[PDB]
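Coming up is one lone chain in structure tokens, specifically the form deposited in one PDB entry.
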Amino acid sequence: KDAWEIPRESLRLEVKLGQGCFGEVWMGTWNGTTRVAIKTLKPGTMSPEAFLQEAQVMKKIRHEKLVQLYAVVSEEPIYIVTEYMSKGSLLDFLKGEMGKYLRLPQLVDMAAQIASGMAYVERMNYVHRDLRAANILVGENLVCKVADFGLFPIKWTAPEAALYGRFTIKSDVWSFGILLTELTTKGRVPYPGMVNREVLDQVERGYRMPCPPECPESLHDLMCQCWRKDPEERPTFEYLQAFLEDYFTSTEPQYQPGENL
């Protein structure tokens, strides 16, 4: 049978990390040596084949900025096993104890890594549909990987996708722009004070988030390209990656540290 299959005895579940109507998530050990994240399926909540769809996808994806599948147990009770990311979610990391020490340089490097991951998704002709800080994992050495915890996130979703169900890599680019604001505000909810309804009215009317405090205008400019009304006007993740990797030399060479960024 499949080469991803592992014996049940090789997986230890050590710390519960969350729950849902379809299962749970745990940190644990695989082969008594490898720390892992584990996703379970509640028997009786959702069909196995519908659940293992995710694992099937994850077998065909391989990239250093994508959370990596490690193994599965594909007879109920089901287990999906991936690499473990020591710092947890980008969102939690941004707003917690570490967040006070991150400046533009680390934050833009995180963005470039995320764009790199998304650029692979771009080349592979996949769509993400839920790119946001909550679906980014952080590891040692500020390593950031794209994940999908299957967690409507209107505030992160391109208008044409939210309104008309048109989800492309270009609506992923819009989400990335919103992700840029999470990075520069240390994980704050976008469109502060506005509910979903006003967000949709306002954005359709052409409103866009302002340059966050201490964020270089040139980075907010980039956010605004990600938020172009016309999907095809938005940049590629290939471009986004290259722009963020070169940012402090090509775009903002006179950058000087500040109080928060």
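One rule holds for the numbers: they count along the sequence shown, beginning at 1.
Absent from the display: the form solved in complex with a partner chain. The rest refers to it.
The listed set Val127, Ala134, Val143, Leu102 contains one residue whose heavy atoms approach its partner chain in the deposited complex to within 4.5 Å, identified as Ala134.
In the deposited complex, its partner chain lies farther than 4.5 Å from every heavy atom of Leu11. Contact annotation for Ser89: at least one heavy atom lies within 4.5 Å of its partner chain in the deposited complex. Put simply, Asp109 is far from its partner chain in the deposited complex: not one heavy atom of it is within 4.5 Å. Taking the partner from elsewhere, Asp148 is found to have a heavy atom lying within 4.5 Å of its partner chain in the deposited complex. Contact with its partner chain, judged by heavy atoms within 4.5 Å in the deposited complex, is confined among 22-30, 210-218, 197-205, 64-72 to 22-30.
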